[PDB]
Visitor: 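This is the structure I have questions about; it appears just below.
Note: hydrogens, waters and symmetry copies are ignored here, and every other heavy atom, side chains too, is used. In what follows, every chain begins at residue 1, and chains take the letters A, B, ... in the order their sequences are listed.
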6 protein chains.
Amino acid sequence: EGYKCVXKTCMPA
Amino acid sequence: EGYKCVXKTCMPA
Amino acid sequence: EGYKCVXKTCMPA
Amino acid sequence: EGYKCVXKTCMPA
Amino acid sequence: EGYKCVXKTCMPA
Amino acid sequence: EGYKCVXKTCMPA
Ligand SMILES: OCCCOCCOCCOCCOCCOCCOCCOCCOCCOCCOCCOCCOCCOCCOCCOCCO
């Protein structure tokens, strides 16, 4: 999976 | 499956 | 079921 | 491997 | 840089 | 003493 982020916020891709 | 994070702080998604 | 972490400092959630 | 980012947004390359 | 661990508990190095 | 890490790469400390 890894992550997706906008600025400082990251959640599972 | 995975974490939610804000900068360095991560908790279960 | 998961951790809560600041960087790699983690404890059970 | 790693991340592509444009402006504030990053996701898996 | 990086983190020092004993077992699963880690602090900034 | 235990182990030390940078990223995914770690070793004794
Ligand atoms: O493994 C060794 C053995 C360990 O043993 C004992 C410990 O065990 C304990 C249980 O383990 C569970 C570990 O904790 C779960 C943590 O979640 C996974 C973290 O994965 C990524 C690793 O690199 C990052 C380190 O920063 C962490 C921040 O998280 C962000 C989520 O990742 C996205 C990438 O973050 C890089 C961020 O950007 C660039 C850098 O600037 C920060 C700004 O972020 C902006 C975003 O942009 C993205 C662009 O890169």
Side-chain angles (χ1 to χ4, degrees), chain A residues 2-13, chain B residues 2-13, chain C residues 2-13, chain D residues 2-13, chain E residues 2-13, chain F residues 2-13:
Chain A
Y3 290 82
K4 56 180 183 174
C5 315
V6 174
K8 286 173 179 203
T9 301
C10 291
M11 301 181 77
Chain B
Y3 294 96
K4 180 219 109 288
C5 304
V6 184
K8 291 187 225 169
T9 296
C10 301
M11 69 183 177
Chain C
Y3 293 105
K4 167 68 132 41
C5 304
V6 177
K8 205 59 157 153
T9 309
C10 290
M11 69 196 180
Chain D
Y3 285 81
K4 172 163 176 34
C5 306
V6 173
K8 285 184 155 184
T9 302
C10 298
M11 56 182 72
Chain E
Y3 49 102
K4 299 189 207 288
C5 305
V6 186
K8 279 152 42 177
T9 133
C10 305
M11 281 291 281
Chain F
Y3 64 104
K4 175 185 38 165
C5 301
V6 180
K8 294 195 212 204
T9 60
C10 306
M11 36 180 200

Visitor: Kindly say whether A:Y3 contributes a backbone atom to a donor-acceptor pair with the side chain of D:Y3 at under 3.5 angstrom?
Guide: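 Here the side-chain-to-backbone pair exists.
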Visitor: Quick check: closest heavy atoms across C:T9 and E:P12, and the distance to 0.1 Å?
Guide: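 Heavy atoms only, the tightest pair is OG1-CD, 4.2 Å.
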Visitor: Please report the shortest heavy-atom distance between E:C10 and C:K8, naming the atom on each side.
Guide: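 Looks like CB-O, 3.4 Å.
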Visitor: Between atom NZ of A:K4 and atom CE of A:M11, what is the distance when rounded to the nearest 0.5 Å?
Guide: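 That separation rounds to 7.5 Å.
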